[PDB]
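One chain is shown next in structure tokens, namely the form deposited in one PDB entry.
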């Protein structure tokens, strides 16, 4: 079972001995710090953490003793605030005396703004605010996946609108293939859920149960997939029988969309000769609702996509849409699912546009690039103490390292507001109390062991919409 007393960075066990004596309040905040592009971030994932790890009775006698035993050996010393944890157990039935205020999930906020704040609600527990830094800071991950996925959606939307005149199918154009490429089962669920803020296609099944349990949707599920081959289901037929494998697979799945990996031996031959000649009669008969989706999986992503489109354009009847771009017949599409990240996605759609191919023709699959190749440094996700009360006096505190102004932190009590022009501003030093800027956009989401405000996944998706979608 999970033990909150063992879910912090080891050194934090020692901090209750290090704060100024007579400190009754420690107040801290999280931001995606501005860096002298990712100019705005999607706030998402805190609700998972609050419910799974922070709410209710999280302290017991047994958990205190377990932590005491471990820390004794881990430090080779007895440092451990047993009294402080016993107080929470006895006075609050093991519920954390902490208040967290947060911007609503799904909100899209420019860099350098307060996204949530944390403070103790009982003077005895001044040390607890930063105990839970480690677990709260892991919100960097769903924030960053959601943000990077949304930035890819912006690229897709721009190029889809330009080459086709509309955004039809946009939510189905970036498919999460990252289950095997992330570092754990838990990561898989969190990351997949964050991608579903922006799109509706995933093979990372773990995301669905997370959303159902912690957020919820009106629809039965938040994300969908379609039948698809992998190299094993092609290669198992033997080298000389790739055509037999293809025929078997498209016939088994004759009335739904089906994706077929086509580069086991020679992607160009498969497209031109197997699909384009031997099995053409099985492709041109398919429904618009059940296309064959050809899947290259190797070679230079841009070069390969363009050559695949060139081959198919010569074997199948291509039309020219009203924007002047070429379009494959509706029973035939392509998905590029190798080597896709935000940079290569951009290169591919631009290369397609230059060669006059509509983005209607293609979808992308991304795995490691979508869910694993991301770090806390990307958006400078960071949690810092900005205000303490010592001897009954509040003081505004901060760091400001001489050699790195980008690491300077905010001072005092913070609040988030709309500006007169409709943008966002973070007010420092308790200046939100002057009430010159309308209502604080942070809301209490957790107080004294209870989750006090929750969002559905539908609301989160609404908050995270692109401007181009709004228009």
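Numbering follows the first chain given and starts at 1.
A.B. asks: Check the entry and tell me how many residues of the deposited sequence have no coordinates between residue 36 and residue 37: none, 1 to 3, 4 to 9, or 10 or more.
C.D. replies: In the record, 4 to 9 residues between residue 36 and residue 37 lack coordinates.
A.B. asks: Which has the higher mean CA temperature factor in the PDB entry, 361 to 369 or 84 to 92?
C.D. replies: For C-alpha atoms only, the mean B-factor is higher in 84 to 92.
A.B. asks: Look over 3 to 11 and 462 to 470 in the entry and identify the one with the greater average Cα temperature factor.
C.D. replies: Here the higher of the two C-alpha B-factor means belongs to 462 to 470.
A.B. asks: Determine which member of 274, 206, 161, 345 has the highest CA B-factor, using the values in the deposited entry.
C.D. replies: In this record, 206 carries the highest C-alpha B-factor of the candidates.
A.B. asks: Out of 296, 112, 216, 178, which shows the largest CA B-factor listed in the entry?
C.D. replies: Highest CA B-factor of the listed options: 216.
A.B. asks: Against its chain's modelled residues, does residue 332's Cα B factor rank lowest, middle or highest third?
C.D. replies: Middle third.
A.B. asks: Comparing against every modelled residue in the chain, figure out the third that the C-alpha B-factor of residue 291 lands in (lowest, middle or highest).
C.D. replies: Residue 291: CA B-factor falls in the middle third of its chain.
A.B. asks: Based on the entry's values, in what third of the chain does the Cα temperature factor of residue 27 lie: lowest, middle or highest?
C.D. replies: According to the entry, residue 27 has a C-alpha B-factor in the chain's lowest third.
A.B. asks: Taking the entry's C-alpha B-factors for this chain, is residue 266 in the lowest, middle or highest third?
C.D. replies: Middle third.
A.B. asks: Consider only the C-alpha atoms of the modelled residues in this chain, order them by B-factor as the entry records it, and name the third containing residue 307: lowest, middle or highest.
C.D. replies: Its C-alpha B-factor, which the entry lists for residue 307, ranks in the lowest third among residues of this chain.
Keep in mind that the form deposited with a small molecule bound is missing from the display, and what follows is about it.
A.B. asks: Check whether residue 334 has any heavy atom within 4.5 Å of a heavy atom of the small molecule in the entry with it bound, and answer yes or no.
C.D. replies: Taking the distances in the entry with it bound, the answer for residue 334 is yes, it comes within 4.5 Å of the small molecule.
A.B. asks: Hey, in the entry with it bound, is residue 153 touching the small molecule, heavy atoms inside 4.5 Å?
C.D. replies: Close contact is absent here: in the entry with it bound, residue 153 is far from the small molecule, nothing within 4.5 Å, heavy atoms only.
A.B. asks: Does the small molecule come within 4.5 Å of any heavy atom of residue 172 in the entry with it bound?
C.D. replies: Answer yes; at least one heavy atom of residue 172 falls within 4.5 Å of the small molecule in the entry with it bound.
A.B. asks: Could you confirm whether residue 119 comes within 4.5 Å of the small molecule in the entry with it bound, counting heavy atoms only?
C.D. replies: Judged by the heavy-atom cut-off of 4.5 Å, residue 119 is well away from the small molecule in the entry with it bound.
A.B. asks: Which one, 108, 293, 356, 157, lies within 4.5 Å of the small molecule in the entry with it bound by heavy atoms?
C.D. replies: It is 293.
A.B. asks: Please pick, from 161, 279, 226, 306, the one residue with any non-hydrogen atom lying within 4.5 angstroms of the small molecule in the entry with it bound.
C.D. replies: Among 161, 279, 226, 306, a heavy atom within 4.5 Å of the small molecule in the entry with it bound occurs only for 226.
A.B. asks: Contact check in the entry with it bound: 40, 424 and 444 versus the small molecule, with a cutoff of 4.5 Å between any heavy atoms. Do all three pass?
C.D. replies: Per the other structure, none of 40, 424 and 444 touch the small molecule.
A.B. asks: To test your reading of this chain, name the stretch in 308 to 316, 356 to 364, 87 to 95, 386 to 394 whose heavy atoms come within 4.5 Å of the small molecule in the entry with it bound.
C.D. replies: Selected stretch: 356 to 364.
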